[PDB]
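Residue numbers (my numbering), protein chains in the order written: chain W, 34 to 285; chain S, 34 to 285.
There are 2 protein chains.
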Amino acid sequence: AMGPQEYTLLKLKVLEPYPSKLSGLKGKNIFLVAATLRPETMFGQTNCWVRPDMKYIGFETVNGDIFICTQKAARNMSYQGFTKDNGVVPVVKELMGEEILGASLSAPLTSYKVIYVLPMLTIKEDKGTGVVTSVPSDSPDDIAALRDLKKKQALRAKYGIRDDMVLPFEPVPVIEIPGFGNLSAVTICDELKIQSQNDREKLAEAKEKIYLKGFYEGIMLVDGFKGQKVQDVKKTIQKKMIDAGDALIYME
Amino acid sequence: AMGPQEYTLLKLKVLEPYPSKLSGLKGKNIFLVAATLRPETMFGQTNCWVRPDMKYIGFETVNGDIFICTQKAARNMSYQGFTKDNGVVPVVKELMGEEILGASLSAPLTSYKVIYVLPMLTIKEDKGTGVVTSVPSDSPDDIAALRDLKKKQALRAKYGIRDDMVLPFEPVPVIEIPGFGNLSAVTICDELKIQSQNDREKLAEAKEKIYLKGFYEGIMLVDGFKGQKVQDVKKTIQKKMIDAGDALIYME
């Protein structure tokens, strides 16, 4: 089987007003950084995910921009040209999930010109950058989570998150997949009747259906390429974000 | 994170003399079928892996060729165009690991014009096709395994396997990676002092080092492209095998 795998690493730009732990980095370009295998779906981003317990790090890259992700992810990045010297992570700030919750972000492609950082209680430091992408139109973990917050008020107030940052945000139709249509993620977790993020094995069965069918049988709804096979299009969307300086190839 | 991932599925052609469970399929084109993320290394194949307990299946594909892999893998394949009708796996033969152990194979690229199927005691039906690739020059699980047969002469005689099929098969240098050279897989499991296949967490730490370094810092030794970055070359080796009808894109 071997490794590593090719992922697309999006650059989500932390927008002024910065949160208070990043005050010392004002003036510098900061990006939260998240990986995905499905960049075609990235037109319908609603938010970010970050885990309150989990330790994050800000570190400076080859070109002075500074990324935020786990220190484990950074290390991996240092060994593939991301940093000025190989295997050298210049850490600029230690962090926590809480400490960047609610930060404003301009994420690429998405029609929402500004999206916010939201909490997710179970992110694993095993795979990934620790910052997770959110397209709930097509990813069943993401509606589960989004709904979950939209349901419970006290559970947002714990972390100090505004109605501004969650309620007005609707899944954006990106891909028409034959069986389930537009909000295909949404419409199966209804069929499967999922309540929480913590219905892990019901979610598993969701992902089973819609991930491959979406890729192989999906059809694109967004301007610039309507009626295009997800399959045929994905690579050319990846290259837009890279050529536009919005994403990088990340190997893991 | 999302899914599915892009793998390269090699087609390993079962060569006459067929094993006895496949006698009824004589005349037809049969391929054992295995996935990988590192097709550049596939020039240095020594064998196959199959698991005696595990149930396999032969099933017929769109073009009448018949693949051998797990019924679980086949299902996944049927939903991405591999079979004449979507989600319909015409099973031609049920099978077992034992029942194809020792079969002769002509696998693509590799300099060994004929390689054989060998046993591996712990393959998981979780990921993959159940039939696993073997390049022990650059994959640390493969020398661990392969070595374990060579030394245990009696315990390879468990599933009736001729010296012919093992002792003459040497890891073929494919990639020069700076720290460890040619047989870079080999030379770290020496450093880490691994004895069996069942040193799983020592192997883990092996894989840690050489997989990414090999990809990002590797350099190609094979004819047609010596002195070429693994990185830059991989995709163009994938397309050879596909264009030459020897491998397919497999999503999982």
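The C-beta atom is built at its ideal place from N, Cα and C for all residues, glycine as well.
Residue environment analysis places residue 97 of chain S among the exposed positions, since fewer than 16 neighbouring C-beta atoms fall within 10 angstroms of its C-beta. Measuring C-alpha to C-alpha distances from residue 191 of chain S to each of S/153, S/202, S/118 and S/267 identifies S/153 as the nearest. Cβ-Cβ distances below 6 Å link residue 63 of chain S to 47 and 99 in the same chain, with the five nearest sequence neighbours on each side left out; the list follows chain order.
Going by DSSP, residue 109 of chain W is part of the alpha helix (DSSP H) stretching over 104 to 111. In chain order, 83, 84, 85 and 87 place their CB closer than 6 Å to the CB of residue 130 of chain S, counting only its own chain and leaving out the 5 sequence neighbours on each side. Annotated three-state conformation of residue 214 of chain S is strand, per DSSP.
One thing to note: residue 68 of chain W has its Cβ within 8 Å of the Cβ of residue 34 of chain S.
According to DSSP, residue 126 of chain S shares a beta bridge with S/91.
By a beta-carbon distance limit of 8 Å, residue 135 of chain S contacts residue 193 of chain S. Their separation comes to about 7 Å. Contacts with chain W (Cβ-Cβ distance below 9 Å) from the stretch 81 to 111 of chain S involve 109, listed in chain order. Along the stretch 63 to 83 of chain S, going in chain order, the ones with a CB nearer than 8 Å to a CB of chain W are 68, 69, 70, 71 and 74. The C-beta distance from residue 111 of chain W to residue 121 of chain W rounds to 6 Å, short enough to meet the 8 Å contact threshold.
When the five nearest sequence neighbours on each side are left out, the beta carbons in the same chain lying within less than 7 Å of the beta carbon of residue 250 of chain W are those of 210 and 211, in order along the chain.
Cβ atoms of residue 244 of chain W and residue 37 of chain S come within 8 Å of each other, at about 5 Å. Between the C-alpha atoms of residue 44 of chain W and residue 241 of chain S there is a straight-line separation of about 26 Å. For residue 262 of chain S, no CB of chain W lies under 8 Å from its own CB, so it is not counted at the interface with that chain.
Along the stretch 194 to 266 of chain W, the alpha helix (DSSP H) occurs as fully enclosed runs of 4 or more residues at 217 to 224 and 233 to 250, listed in sequence order. At least one C-beta of chain W is nearer than 8 Å to the C-beta of residue 248 of chain S. Counting only the Cα atoms, residue 57 of chain W lies some 57 Å from residue 278 of chain S. A distance below 7 Å between beta-carbons, with the five flanking residues on each side excluded, links residue 93 of chain S to the following residues of its chain, in chain order: 99, 123 and 125.
Using a Cβ-Cβ cut-off of 8 Å, residue 152 of chain W does not count as an interface residue toward chain S, since no Cβ of chain S sits closer than that to its own.
Residues of the stretch 135 to 150 of chain W with a C-beta atom less than 7 Å from some C-beta of chain S do not occur. A Cβ-Cβ contact shorter than 8 Å links residue 283 of chain W with residue 40 of chain W. Scanning chain S for C-beta atoms nearer than 8 Å to the C-beta of residue 244 of chain W yields 35, 36 and 37, reported in chain order. Three or more beta-carbon pairs separated by less than 8 Å link the stretch 160 to 177 of chain S to the stretch 219 to 228 of chain S, which places the two stretches in contact. Residues of the same chain with a CB within less than 7 Å of the CB of residue 214 of chain S, apart from the 5 flanking positions on each side, are 220 in chain order. As DSSP reads the structure, residue 152 of chain W sits in a beta bridge with W/83. Excluding residues up to 5 positions away in sequence, 72 and 73 lie with their Cβ nearer than 7 Å to the Cβ of residue 270 of chain W in the same chain.
When secondary structure is reduced to three states using DSSP, residue 188 of chain S falls in the helix class. Secondary structure at residue 274 of chain S: helix, using DSSP grouped into helix, strand and coil. For residue 47 of chain S, the enclosing beta strand (DSSP E) begins and ends at 39 to 48.
When CB distances to chain S are screened at a threshold of 9 Å, the residues of the stretch 151 to 170 of chain W falling below it are 160, 161, 165, 166 and 168, in chain order.
Residue 113 of chain S reaches chain W at 245 and 249, counting residues in chain order whose Cβ is nearer than 7 Å. Taking every protein chain shown into account, the CB of residue 171 of chain W has 16 or more other CB atoms within 10 angstroms, so this residue is buried. Chain W places a beta carbon closer than 8 Å to that of residue 172 of chain S, counting this residue as a contact. Boundaries of the beta strand (DSSP E) around residue 63 of chain W: 63 to 69.
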